[PDB]
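The structure under discussion appears below in the form of structure tokens.
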Amino acid sequence: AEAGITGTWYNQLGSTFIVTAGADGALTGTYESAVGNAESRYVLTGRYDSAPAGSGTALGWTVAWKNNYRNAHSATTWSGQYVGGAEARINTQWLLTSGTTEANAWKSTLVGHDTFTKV
Amino acid sequence: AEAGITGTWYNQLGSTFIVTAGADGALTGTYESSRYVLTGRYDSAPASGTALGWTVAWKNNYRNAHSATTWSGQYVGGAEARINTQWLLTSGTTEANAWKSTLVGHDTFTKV
Amino acid sequence: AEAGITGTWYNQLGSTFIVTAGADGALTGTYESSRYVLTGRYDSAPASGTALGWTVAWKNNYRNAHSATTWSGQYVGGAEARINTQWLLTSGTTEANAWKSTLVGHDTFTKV
Amino acid sequence: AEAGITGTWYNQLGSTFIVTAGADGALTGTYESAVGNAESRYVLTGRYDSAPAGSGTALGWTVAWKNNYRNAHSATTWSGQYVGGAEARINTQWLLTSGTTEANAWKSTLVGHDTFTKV
């Protein structure tokens with residue numbers, strides 16, 4: 001619920017995710033990327049199950065790779081589950097999609113998986 | 001286009017996505033196949049389609065499916081505007097079942 | 001159907017898949033958009049579509065793209081038989097770039 | 001090349017994969033599953049880049065979940081790269097597809113990632 005999720009997290013590549021879980025199931029924050037065309041901080045928005053069922057808490061968020069300094073013409077979404085305890089982790093799968101011409105659309109989307117550790 | 005995106009859309013199975021695209025890159029609206037709140041972002045200065053993504057947690061006042069889907073794709077405008085997507089649906093699971101927690105698929109939305 | 005699967009198929013972009021389905025569950029054949037060898041398996045006793053998958057390493061006598069695609073899906077027979085798939089294309093990369101090694105997409109093949 | 005790949009491997013869930021890499025780029029072997037409707041050994045087939053480029057070697061394989069004892073009406077494909085050294089590993093992403101009725105086709109496919117360690 002709010003506090004579990006709210007906080008600073010890092011993935012296995014050294015990117016940072018700062019998130020506030022709101023009472024209505026809203027997720028807002030900032031993302032700072034360890035890779036790609038990514039310079040500085042980017043806004044993030046998402047949603048989580050604010051009334052979860054030993055099972056994890058399902059959540060997802062999106063970043064569009066545009067800030068006041070750069071624009072990668074691409075957006076990533078991460079879908080996963082928050083698993084609490086002392087070992088708090090967020091286990092995700094993500095899709096990165098770039099804006100493409102129609103011809104190149106077949107190769108517009110990357111897929112990968114990230115694990116977030118809470119700090 | 002910002003307000004190119006703004007509107008009501010439908011996918012292949014009859015689900016309906018109502019969205020507003022903000023000047024600064026925000027997407028907000030509701031998804032129904034009952035109704036759920038969505039939030040996302042899009043490139044507000046595209047070159048190419050416009051990249052975008054959004055999430056829906058499957059909980060509202062009536063049901064809680066303890067899952068959340070994210071759609072990642074691009075908007076292509078023109079005479080017949082479309083949003084081509086791939087999505088990941090993750091369910092809250094115990095550790096024993098975490099390996100079978102995520103479904104993947106694709107959706108094509110149109111104004112029709 | 002074993003020999004329901006056997007035949008020549010085309011996807012949305014004009015690639016052509018020539019396949020033979022063996023009695024015991026083997027798939028063999030070639031894929032061309034030049035030609036590459038494919039191998040896979042399918043459920044030879046289906047209930048529902050027939051589950052199946054195949055791989056193509058993108059190397060032949062003429063080119064080597066140092067990648068390999070796998071297609072996972074099901075065969076649906078009837079008047080207009082189709083093979084609905086999702087695929088993963090992985091490229092051989094250095095460790096620095098391993099996070100951007102895999103493309104995901106979907107393909108629909110038909111006899112037309 | 002052949003020998004690098006050829007051998008016995010296990011994933012993080014305790015499944016086993018026994019594979020022989022052939023000279024023409026063929027992969028044949030057997031898979032024994034730690035989960036699902038999966039009883040005993042199942043045949044596998046796939047392909048690999050027999051002439052790879054510090055970069056890994058791209059490969060993929062499929063198992064249909066049918067043997068003489070069980071049938072799950074489903075097939076999985078794993079796509080990834082073999083990374084050699086002492087730390088030999090195969091890093092993959094997989095798609096599991098079940099045979100479904102048309103109505104249920106939207107939820108026929110699972111996605112996940114596995115890491116294989118050589119034994």
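By order in the structure tokens, chains are A, B, ...; within a chain, residues start at 1; ligands start at 1, following the order shown.
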
Could I get chain C fitted onto chain B (least squares, all C-alpha atoms, in order) as a short mmCIF file (atom, residue, chain, number, x, y, z; two decimals) with N, CA and C atoms, in the first residue's frame?
data_model
loop_
_atom_site.label_atom_id
_atom_site.label_comp_id
_atom_site.auth_asym_id
_atom_site.auth_seq_id
_atom_site.Cartn_x
_atom_site.Cartn_y
_atom_site.Cartn_z
N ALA C 1 -0.74 13.25 -32.87
CA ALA C 1 -0.97 14.72 -32.58
C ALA C 1 -1.61 14.76 -31.21
N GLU C 2 -1.17 15.67 -30.36
CA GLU C 2 -1.74 15.76 -28.98
C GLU C 2 -3.25 15.45 -29.04
N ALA C 3 -4.03 16.41 -29.52
CA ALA C 3 -5.48 16.24 -29.73
C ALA C 3 -5.73 15.33 -30.93
N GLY C 4 -4.64 14.70 -31.42
CA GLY C 4 -4.83 13.65 -32.50
C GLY C 4 -5.20 12.39 -31.66
N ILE C 5 -4.49 12.30 -30.55
CA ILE C 5 -4.66 11.21 -29.61
C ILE C 5 -5.97 11.33 -28.82
N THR C 6 -6.32 12.58 -28.54
CA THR C 6 -7.51 12.87 -27.67
C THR C 6 -8.73 12.29 -28.35
N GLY C 7 -9.54 11.55 -27.62
CA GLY C 7 -10.74 10.90 -28.20
C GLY C 7 -11.03 9.54 -27.59
N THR C 8 -11.96 8.87 -28.21
CA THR C 8 -12.51 7.57 -27.88
C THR C 8 -12.01 6.58 -28.93
N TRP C 9 -11.51 5.47 -28.47
CA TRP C 9 -10.89 4.46 -29.33
C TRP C 9 -11.47 3.07 -28.98
N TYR C 10 -11.38 2.15 -29.93
CA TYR C 10 -11.85 0.77 -29.72
C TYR C 10 -10.78 -0.22 -30.22
N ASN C 11 -10.69 -1.34 -29.56
CA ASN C 11 -9.73 -2.38 -30.01
C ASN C 11 -10.54 -3.46 -30.73
N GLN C 12 -9.83 -4.49 -31.14
CA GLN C 12 -10.40 -5.64 -31.86
C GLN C 12 -11.49 -6.44 -31.18
N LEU C 13 -11.55 -6.46 -29.88
CA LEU C 13 -12.55 -7.15 -29.09
C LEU C 13 -13.65 -6.25 -28.53
N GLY C 14 -13.73 -4.99 -28.91
CA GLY C 14 -14.84 -4.14 -28.38
C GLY C 14 -14.54 -3.37 -27.11
N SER C 15 -13.37 -3.45 -26.53
CA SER C 15 -12.99 -2.59 -25.37
C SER C 15 -12.92 -1.14 -25.84
N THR C 16 -13.16 -0.21 -24.99
CA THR C 16 -13.22 1.21 -25.39
C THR C 16 -12.27 2.03 -24.53
N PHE C 17 -11.50 2.85 -25.10
CA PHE C 17 -10.44 3.65 -24.36
C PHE C 17 -10.78 5.13 -24.59
N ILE C 18 -11.14 5.86 -23.55
CA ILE C 18 -11.41 7.29 -23.61
C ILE C 18 -10.17 8.07 -23.13
N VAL C 19 -9.51 8.87 -23.93
CA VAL C 19 -8.24 9.49 -23.49
C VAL C 19 -8.17 11.00 -23.73
N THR C 20 -7.50 11.71 -22.81
CA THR C 20 -7.16 13.14 -23.10
C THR C 20 -5.62 13.29 -23.15
N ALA C 21 -5.06 13.87 -24.14
CA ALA C 21 -3.61 14.09 -24.25
C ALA C 21 -3.35 15.56 -23.87
N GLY C 22 -2.57 15.73 -22.84
CA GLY C 22 -2.18 17.05 -22.32
C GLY C 22 -1.05 17.60 -23.15
N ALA C 23 -0.95 18.93 -23.13
CA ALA C 23 0.12 19.65 -23.86
C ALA C 23 1.54 19.21 -23.53
N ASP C 24 1.85 18.95 -22.31
CA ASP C 24 3.14 18.54 -21.77
C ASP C 24 3.48 17.04 -21.78
N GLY C 25 2.62 16.19 -22.34
CA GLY C 25 2.93 14.74 -22.46
C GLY C 25 2.11 13.82 -21.61
N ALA C 26 1.12 14.30 -20.89
CA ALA C 26 0.28 13.41 -20.03
C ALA C 26 -0.87 12.80 -20.78
N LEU C 27 -1.13 11.53 -20.40
CA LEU C 27 -2.36 10.85 -20.94
C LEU C 27 -3.23 10.53 -19.72
N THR C 28 -4.52 10.84 -19.75
CA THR C 28 -5.41 10.42 -18.64
C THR C 28 -6.72 9.98 -19.29
N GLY C 29 -7.50 9.19 -18.60
CA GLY C 29 -8.82 8.76 -19.22
C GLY C 29 -9.31 7.50 -18.57
N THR C 30 -10.20 6.77 -19.27
CA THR C 30 -10.73 5.52 -18.62
C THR C 30 -10.80 4.45 -19.68
N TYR C 31 -10.72 3.22 -19.27
CA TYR C 31 -10.77 2.03 -20.14
C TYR C 31 -11.98 1.20 -19.63
N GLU C 32 -12.74 0.71 -20.58
CA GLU C 32 -13.83 -0.21 -20.26
C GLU C 32 -13.95 -1.30 -21.29
N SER C 33 -14.15 -2.54 -20.78
CA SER C 33 -14.63 -3.58 -21.73
C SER C 33 -16.12 -3.84 -21.24
N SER C 34 -16.41 -3.31 -17.00
CA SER C 34 -16.71 -2.03 -16.31
C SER C 34 -15.53 -1.06 -16.55
N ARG C 35 -15.61 0.10 -15.96
CA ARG C 35 -14.65 1.18 -16.17
C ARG C 35 -13.54 1.25 -15.12
N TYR C 36 -12.31 1.51 -15.65
CA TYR C 36 -11.09 1.60 -14.85
C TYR C 36 -10.34 2.84 -15.28
N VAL C 37 -9.60 3.44 -14.37
CA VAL C 37 -8.82 4.65 -14.56
C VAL C 37 -7.50 4.27 -15.25
N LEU C 38 -7.08 5.10 -16.21
CA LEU C 38 -5.78 4.92 -16.84
C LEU C 38 -4.96 6.22 -16.76
N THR C 39 -3.64 6.02 -16.74
CA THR C 39 -2.69 7.14 -16.79
C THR C 39 -1.50 6.68 -17.67
N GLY C 40 -0.91 7.59 -18.36
CA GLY C 40 0.30 7.30 -19.22
C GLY C 40 0.99 8.59 -19.62
N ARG C 41 1.85 8.42 -20.59
CA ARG C 41 2.65 9.51 -21.17
C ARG C 41 2.79 9.24 -22.67
N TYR C 42 3.07 10.36 -23.37
CA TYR C 42 3.37 10.22 -24.85
C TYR C 42 4.43 11.31 -25.18
N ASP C 43 5.08 11.08 -26.28
CA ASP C 43 6.11 12.07 -26.79
C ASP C 43 5.26 13.29 -27.31
N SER C 44 5.37 14.39 -26.58
CA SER C 44 4.65 15.61 -27.05
C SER C 44 5.37 16.44 -28.10
N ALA C 45 6.44 15.96 -28.69
CA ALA C 45 7.21 16.60 -29.75
C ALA C 45 7.81 15.55 -30.70
N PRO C 46 6.92 14.81 -31.36
CA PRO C 46 7.39 13.67 -32.19
C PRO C 46 8.26 14.18 -33.34
N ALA C 47 8.97 13.27 -33.96
CA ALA C 47 9.72 13.56 -35.18
C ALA C 47 8.59 13.81 -36.26
N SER C 48 7.29 9.36 -38.69
CA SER C 48 7.36 8.43 -37.52
C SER C 48 6.02 8.50 -36.76
N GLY C 49 5.62 7.39 -36.13
CA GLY C 49 4.42 7.48 -35.24
C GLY C 49 4.91 8.19 -33.92
N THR C 50 3.93 8.43 -33.07
CA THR C 50 4.18 9.09 -31.76
C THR C 50 4.24 8.03 -30.71
N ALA C 51 5.39 7.88 -30.01
CA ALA C 51 5.43 6.78 -29.00
C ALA C 51 4.55 7.13 -27.82
N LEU C 52 4.07 6.06 -27.16
CA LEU C 52 3.11 6.31 -25.97
C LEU C 52 2.91 5.01 -25.21
N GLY C 53 2.39 5.18 -23.97
CA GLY C 53 2.12 3.88 -23.22
C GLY C 53 1.16 4.31 -22.13
N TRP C 54 0.49 3.39 -21.49
CA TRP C 54 -0.43 3.70 -20.40
C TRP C 54 -0.57 2.42 -19.58
N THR C 55 -1.12 2.67 -18.35
CA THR C 55 -1.35 1.48 -17.47
C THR C 55 -2.79 1.52 -16.96
N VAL C 56 -3.28 0.39 -16.62
CA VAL C 56 -4.63 0.23 -15.96
C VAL C 56 -4.37 -0.84 -14.88
N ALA C 57 -4.69 -0.44 -13.67
CA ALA C 57 -4.70 -1.46 -12.54
C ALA C 57 -6.13 -1.99 -12.57
N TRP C 58 -6.36 -3.25 -12.56
CA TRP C 58 -7.74 -3.79 -12.72
C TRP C 58 -8.53 -3.79 -11.39
N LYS C 59 -8.68 -2.60 -10.83
CA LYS C 59 -9.45 -2.40 -9.60
C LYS C 59 -10.27 -1.15 -9.72
N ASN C 60 -11.55 -1.24 -9.37
CA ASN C 60 -12.46 -0.04 -9.36
C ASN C 60 -13.41 -0.25 -8.13
N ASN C 61 -14.57 0.42 -8.18
CA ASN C 61 -15.49 0.23 -7.03
C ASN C 61 -16.21 -1.11 -6.97
N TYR C 62 -16.23 -1.88 -7.97
CA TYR C 62 -16.94 -3.10 -8.11
C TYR C 62 -16.18 -4.39 -8.13
N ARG C 63 -14.92 -4.39 -8.55
CA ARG C 63 -14.15 -5.65 -8.69
C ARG C 63 -12.63 -5.37 -8.44
N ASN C 64 -11.90 -6.39 -8.15
CA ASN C 64 -10.42 -6.25 -7.97
C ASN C 64 -9.84 -7.61 -8.46
N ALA C 65 -9.20 -7.45 -9.60
CA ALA C 65 -8.61 -8.62 -10.29
C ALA C 65 -7.18 -8.76 -9.89
N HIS C 66 -6.69 -7.94 -8.99
CA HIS C 66 -5.28 -8.02 -8.56
C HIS C 66 -4.32 -8.26 -9.75
N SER C 67 -4.40 -7.37 -10.72
CA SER C 67 -3.48 -7.37 -11.90
C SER C 67 -3.49 -5.97 -12.48
N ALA C 68 -2.63 -5.74 -13.48
CA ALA C 68 -2.45 -4.39 -14.07
C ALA C 68 -1.83 -4.71 -15.45
N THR C 69 -2.35 -4.00 -16.42
CA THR C 69 -1.84 -4.14 -17.82
C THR C 69 -1.19 -2.80 -18.21
N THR C 70 -0.12 -2.96 -18.96
CA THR C 70 0.54 -1.79 -19.56
C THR C 70 0.53 -2.03 -21.09
N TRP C 71 0.24 -1.00 -21.81
CA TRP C 71 0.22 -1.01 -23.28
C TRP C 71 1.37 -0.04 -23.72
N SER C 72 2.18 -0.46 -24.66
CA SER C 72 3.31 0.32 -25.16
C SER C 72 3.15 0.23 -26.71
N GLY C 73 3.25 1.40 -27.36
CA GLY C 73 3.00 1.43 -28.79
C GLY C 73 3.21 2.80 -29.43
N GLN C 74 2.53 2.97 -30.56
CA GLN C 74 2.67 4.34 -31.17
C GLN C 74 1.34 4.67 -31.84
N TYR C 75 1.11 5.98 -31.94
CA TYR C 75 -0.07 6.55 -32.57
C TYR C 75 0.36 6.96 -33.99
N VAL C 76 -0.45 6.56 -34.95
CA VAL C 76 -0.21 6.91 -36.39
C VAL C 76 -1.48 7.67 -36.83
N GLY C 77 -1.28 8.88 -37.22
CA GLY C 77 -2.51 9.70 -37.62
C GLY C 77 -2.69 9.50 -39.13
N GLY C 78 -3.65 10.22 -39.66
CA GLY C 78 -3.93 10.11 -41.17
C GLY C 78 -5.46 9.99 -41.22
N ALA C 79 -5.93 9.59 -42.37
CA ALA C 79 -7.39 9.39 -42.62
C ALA C 79 -7.98 8.38 -41.68
N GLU C 80 -7.28 7.26 -41.48
CA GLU C 80 -7.73 6.22 -40.51
C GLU C 80 -6.64 6.04 -39.43
N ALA C 81 -6.74 6.88 -38.43
CA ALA C 81 -5.81 6.94 -37.30
C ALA C 81 -5.87 5.65 -36.50
N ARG C 82 -4.66 5.22 -36.05
CA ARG C 82 -4.63 4.02 -35.21
C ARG C 82 -3.51 4.10 -34.19
N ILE C 83 -3.75 3.26 -33.22
CA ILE C 83 -2.78 3.08 -32.10
C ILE C 83 -2.46 1.54 -32.14
N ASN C 84 -1.25 1.26 -32.59
CA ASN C 84 -0.78 -0.14 -32.58
C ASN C 84 -0.03 -0.44 -31.23
N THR C 85 -0.45 -1.49 -30.54
CA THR C 85 0.20 -1.80 -29.26
C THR C 85 0.57 -3.27 -29.03
N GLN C 86 1.50 -3.39 -28.06
CA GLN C 86 1.76 -4.77 -27.43
C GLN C 86 1.51 -4.47 -25.94
N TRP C 87 1.05 -5.39 -25.15
CA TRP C 87 0.72 -5.25 -23.78
C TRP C 87 1.26 -6.44 -22.99
N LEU C 88 1.48 -6.18 -21.73
CA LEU C 88 1.89 -7.11 -20.68
C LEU C 88 0.85 -7.03 -19.52
N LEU C 89 0.25 -8.11 -19.20
CA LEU C 89 -0.72 -8.21 -18.08
C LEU C 89 -0.04 -9.02 -16.98
N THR C 90 0.21 -8.40 -15.83
CA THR C 90 0.85 -9.11 -14.71
C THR C 90 -0.23 -9.24 -13.56
N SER C 91 -0.32 -10.45 -13.05
CA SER C 91 -1.17 -10.75 -11.89
C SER C 91 -0.33 -10.84 -10.63
N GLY C 92 -0.86 -10.40 -9.50
CA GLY C 92 -0.19 -10.51 -8.19
C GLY C 92 -0.18 -12.04 -7.90
N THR C 93 0.98 -12.64 -7.65
CA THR C 93 1.02 -14.11 -7.42
C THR C 93 1.84 -14.41 -6.19
N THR C 94 1.78 -15.68 -5.74
CA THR C 94 2.76 -16.11 -4.72
C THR C 94 4.04 -16.40 -5.48
N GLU C 95 5.12 -16.49 -4.69
CA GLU C 95 6.42 -16.87 -5.31
C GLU C 95 6.41 -18.15 -6.07
N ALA C 96 5.73 -19.20 -5.67
CA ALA C 96 5.67 -20.46 -6.39
C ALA C 96 5.23 -20.24 -7.85
N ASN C 97 4.34 -19.30 -8.08
CA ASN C 97 3.75 -19.11 -9.37
C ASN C 97 4.26 -17.87 -10.10
N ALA C 98 5.20 -17.19 -9.58
CA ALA C 98 5.74 -15.97 -10.21
C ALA C 98 6.19 -16.24 -11.62
N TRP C 99 6.63 -17.44 -11.98
CA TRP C 99 7.10 -17.70 -13.40
C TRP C 99 6.01 -17.67 -14.42
N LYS C 100 4.72 -17.83 -14.02
CA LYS C 100 3.57 -17.78 -14.90
C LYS C 100 2.63 -16.61 -14.60
N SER C 101 3.16 -15.52 -14.09
CA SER C 101 2.52 -14.29 -13.77
C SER C 101 2.18 -13.31 -14.89
N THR C 102 2.79 -13.36 -16.05
CA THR C 102 2.62 -12.33 -17.07
C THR C 102 2.16 -12.87 -18.42
N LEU C 103 1.09 -12.27 -18.95
CA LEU C 103 0.53 -12.61 -20.26
C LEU C 103 1.05 -11.54 -21.24
N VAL C 104 1.28 -11.91 -22.45
CA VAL C 104 1.71 -10.86 -23.46
C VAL C 104 0.70 -10.94 -24.63
N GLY C 105 0.40 -9.80 -25.22
CA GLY C 105 -0.45 -9.82 -26.43
C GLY C 105 -0.30 -8.51 -27.18
N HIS C 106 -1.19 -8.38 -28.18
CA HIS C 106 -1.12 -7.10 -28.95
C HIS C 106 -2.48 -6.50 -29.15
N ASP C 107 -2.62 -5.17 -29.24
CA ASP C 107 -3.99 -4.63 -29.52
C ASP C 107 -3.87 -3.51 -30.57
N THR C 108 -4.81 -3.45 -31.46
CA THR C 108 -4.94 -2.37 -32.42
C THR C 108 -6.25 -1.62 -32.12
N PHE C 109 -6.07 -0.32 -31.82
CA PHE C 109 -7.23 0.55 -31.52
C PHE C 109 -7.49 1.49 -32.72
N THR C 110 -8.80 1.76 -32.91
CA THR C 110 -9.17 2.72 -33.96
C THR C 110 -10.37 3.51 -33.44
N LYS C 111 -10.72 4.53 -34.19
CA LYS C 111 -11.88 5.39 -33.88
C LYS C 111 -13.16 4.79 -34.28
N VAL C 112 -13.14 3.57 -34.83
CA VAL C 112 -14.26 2.85 -35.36
C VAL C 112 -14.65 1.61 -34.51
#

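Residues surrounding residue 115 in chain D within 9 Å are residues 10, 11, 12, 89, 90, 91, 92 and 93 of chain D [only C-alpha atoms; sequence separation below 5 positions excluded].
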
Pull the closest atom pair for each residue of chain A that gets at most 9 Å from chain D, along with the distance in Å to one decimal, counting only C-alpha atoms, ordering rows by chain and then ascending residue number, as CSV.
residue,atom,partner,partner_atom,distance
A:93,CA,D:112,CA,8.0
A:111,CA,D:93,CA,8.8
A:112,CA,D:93,CA,8.0
A:113,CA,D:113,CA,7.7

Do me a favour and pick out the residues of chain D within 8 Å of chain C, using only C-alpha atoms, as number ranges by chain. D: 25, 44-49, 51-66, 71, 73-81, 93-102, 109

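In the backbone-derived DSSP annotation, helix (DSSP H, G or I) within chain D comprises residues 2, 3, 4, 5, 102, 103, 104, 105, 106 and 107 of chain D.
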
In chain B, DSSP strand (DSSP E) residues written as a PyMOL selection string: chain B and resi 7-10+16-21+26-32+35-42+50-59+64-76+82-91+102-110

Could you list, as number ranges by chain, every residue within 7 Å of range 33-37 of chain D, counting only C-alpha atoms and ignoring same-chain residues fewer than 6 positions away? D: 13-16, 72

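You will find CA of residue 23 in chain D at 12.2 Å from CA of residue 4 in chain D.
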
Find the spatial neighbours of residue 70 in chain D, counting only C-alpha atoms, within a cut-off of 9 Å - ignore same-chain residues fewer than 6 positions away - and output them as a list in words. residues 37, 38, 39 and 40 of chain D

Just to be explicit: take each residue in the selection above, keep N, CA, C and O atoms, and write the result as a tab-separated table (two decimals), in the first residue's frame.
chain	number	residue	atom	x	y	z
D	37	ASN	N	2.12	-28.63	-16.24
D	37	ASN	CA	1.77	-30.07	-16.58
D	37	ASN	C	3.02	-30.39	-17.47
D	37	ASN	O	3.33	-29.76	-18.52
D	38	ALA	N	3.81	-31.20	-16.79
D	38	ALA	CA	5.13	-31.63	-17.38
D	38	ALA	C	5.53	-32.82	-16.52
D	38	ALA	O	5.67	-32.69	-15.28
D	39	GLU	N	5.56	-34.00	-17.13
D	39	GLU	CA	5.96	-35.25	-16.52
D	39	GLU	C	7.05	-35.97	-17.38
D	39	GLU	O	6.71	-36.54	-18.44
D	40	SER	N	8.25	-35.96	-16.83
D	40	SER	CA	9.31	-36.65	-17.54
D	40	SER	C	9.95	-35.67	-18.56
D	40	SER	O	10.04	-34.44	-18.51

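Straight-line separation from CA of residue 84 in chain A to CA of residue 114 in chain D: 22.8 Å.
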
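The two atoms in question, CA of residue 67 in chain D and CA of residue 119 in chain D, are spaced 25.0 Å apart.
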